[PDB]
Amino acid sequence: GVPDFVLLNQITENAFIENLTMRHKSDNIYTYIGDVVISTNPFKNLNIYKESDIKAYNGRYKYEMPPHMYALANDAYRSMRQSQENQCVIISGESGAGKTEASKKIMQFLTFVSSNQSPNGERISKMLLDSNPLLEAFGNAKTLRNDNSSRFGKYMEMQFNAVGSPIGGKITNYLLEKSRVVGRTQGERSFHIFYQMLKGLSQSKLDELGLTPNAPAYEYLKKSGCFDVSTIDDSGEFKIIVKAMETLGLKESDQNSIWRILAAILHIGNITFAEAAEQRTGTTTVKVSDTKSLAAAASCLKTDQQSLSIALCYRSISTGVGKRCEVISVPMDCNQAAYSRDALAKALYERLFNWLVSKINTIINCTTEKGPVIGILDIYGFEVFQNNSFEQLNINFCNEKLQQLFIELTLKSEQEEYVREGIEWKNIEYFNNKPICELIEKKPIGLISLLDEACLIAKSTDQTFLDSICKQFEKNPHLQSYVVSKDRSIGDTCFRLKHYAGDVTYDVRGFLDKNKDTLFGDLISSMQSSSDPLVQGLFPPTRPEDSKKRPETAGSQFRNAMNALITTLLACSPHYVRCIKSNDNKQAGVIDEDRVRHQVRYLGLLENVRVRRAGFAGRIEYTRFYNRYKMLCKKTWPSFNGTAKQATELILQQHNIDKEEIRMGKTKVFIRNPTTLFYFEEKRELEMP
């Protein structure tokens, strides 16, 4: 009748949408693109992931029941069950499209299949449901496009035993946005952990720390631009979070210990540099008139206020293996002072978040069991604001790397599996491997390769670097501007950049100082040699499972963090799930035609289907082509060989048909035009009434 989506009456553009709409309005959410799942997000609890439906899809196949358990899984996730290995699922899409729901679908499908009962196994099924009111507190922030937007890459890992049942899991984060601690547009926030504190502690405790329930009063928080949000109610959320804080195991005693770390950051935030007017003209020294605020930090940091001012304002260098003799120095400009200042407040939080979340699991993470691991991916999605900037460049860059991930896996890796599983396969035309957009920013002579060159040249400002792009390139594909491309739409202070489809114009504000975030010893060394257990805690015993070389900026370190991510993604058994946002009105049962159509277009997912199989009109699976058109040919009866694709050859070679007319491969038979599907039926119709 209507076996899944592959089988359409008309394999065309218009028919593809008409059916897609007919699917959505027929309680058919999940749609198959080619052994790959495409889903959406209801943004709430739907009664379709509960026992009943789970028991429906057990021991059956795809072509037997409606879209829900794409055969590939049953034929791949189970294929490695005899081989005896673990899996890993990757998920992508727009922000808010359920870097969670799509992950939950895996769980609710994963359980039960693992033979149900298990005291330690079903326990996580209960706690992970109580994670929804919890997870939204730590690694989440509000974007103008998404409220529950995670602000850090996450690769969850489900642990199991030598049977198939779950036992526990761990978490791994990444470099994460840099300038979201000090710079942002009026309306957005930085991180919850800060705001949740201010409207939590009693005014009494705040006054003791020289604080006040009002961000505007501060400086660091004032440089952000905004403070209050119209959609979020922090004051009323605190007491609700406290219950969630205790749910894990963070008693008031522990809470107070955590607030000190933030208080330390706030004390750093009340420390600026009253541009010392010691020098009379050009260069300038650094002096602190507001000693009250400066002293407050050193007081809570429990370090010598004097040494702190001398060691930081004046950098030390003289490490001749024997290991250093400090103090020799001389003042420097204000820009560098404010720059080095930020680098301290940026590196402190990075190593904080890492050590913080890792110490939370100490109470949560299962220690009772031990075993392998199955991975799950979740990252921030695509976005476009009124005005783009350096931030969008790095984010959109990740999408290009993400698009490459799929291509490398669902398009390239799978092809190599055909020639490895003893199948007569031939290299079918596939759109460019687009390795040029990658080599243009990795090996010598490249984007971020030239950028690294422009960074360390302290004088080469953002403007000068932008000039190095237009000249070195504007010849290689995927780049334009106002000089080469005659188009007024490109401002003189802006530049055009072509993506995989859409066009985006960026600004060059920040770039360097924002990306660098370099902090050498001299400044760090003063903190590492602290006696307080908290301060030194922010500086773990030297490189935890991340050594290599140490000094080389944090910007270049970002690339390394993302490269180390893909390296471990291309060494396992992938699984593909993509998400799409319903609408911008939070409506139920309403599809935005233009919005959804656009997403499917600029991503080239329909061209993907074509290339995935080979590319043309109507296409049908071999495994399925066989058990369907048998009565047409002779000797294609229970006295068969077994193979499906081989039989197809025997049928077409005996009746003398040009073999180039039909393209042969592993899966998906290729016969041009859909008019032939009738030709098969007719060949069967008027020969046996």
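Numbers in chain A track Swiss-Prot; the residues on display, in order, are 9-697.
Recorded method for this deposit: electron microscopy, 8.1 Å.
Placed from the backbone N, Cα and C atoms, the Cβ positions cover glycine too.
Over in Swiss-Prot, the protein carries these features:
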type	residues	note
BINDING	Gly101, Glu102, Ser103, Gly104, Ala105, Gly106, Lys107, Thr108	ATP binding site
REGION	539-562	region 'Disordered'
COMPBIAS	551-560	compositional bias 'Basic and acidic residues'
REGION	556-630	region 'Actin-binding'
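This view paints the features noted in Swiss-Prot onto the structure.
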{"residue": "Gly101", "record": "ATP binding site", "Cβ neighbours (10 Å)": "23"}
{"residue": "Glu102", "record": "ATP binding site", "Cβ neighbours (10 Å)": "20"}
{"residue": "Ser103", "record": "ATP binding site", "Cβ neighbours (10 Å)": "19"}
{"residue": "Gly104", "record": "ATP binding site", "Cβ neighbours (10 Å)": "20"}
{"residue": "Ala105", "record": "ATP binding site", "Cβ neighbours (10 Å)": "23"}
{"residue": "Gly106", "record": "ATP binding site", "Cβ neighbours (10 Å)": "23"}
{"residue": "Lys107", "record": "ATP binding site", "Cβ neighbours (10 Å)": "25"}
{"residue": "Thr108", "record": "ATP binding site", "Cβ neighbours (10 Å)": "19"}
Handout entry: Three-state composition of the compositional bias 'Basic and acidic residues' (551-560), taking helix and strand from DSSP
Key = 0 helix, 0 strand, 10 coil
Exercise for the section: For the recorded ATP site formed by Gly101, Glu102, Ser103, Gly104, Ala105, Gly106, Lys107, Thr108, name the remaining residues of the chain with Cβ within 8 Å of the site's Cβ center, in chain order. Expected result: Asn49, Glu109, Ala110, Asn154, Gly389, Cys587, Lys589
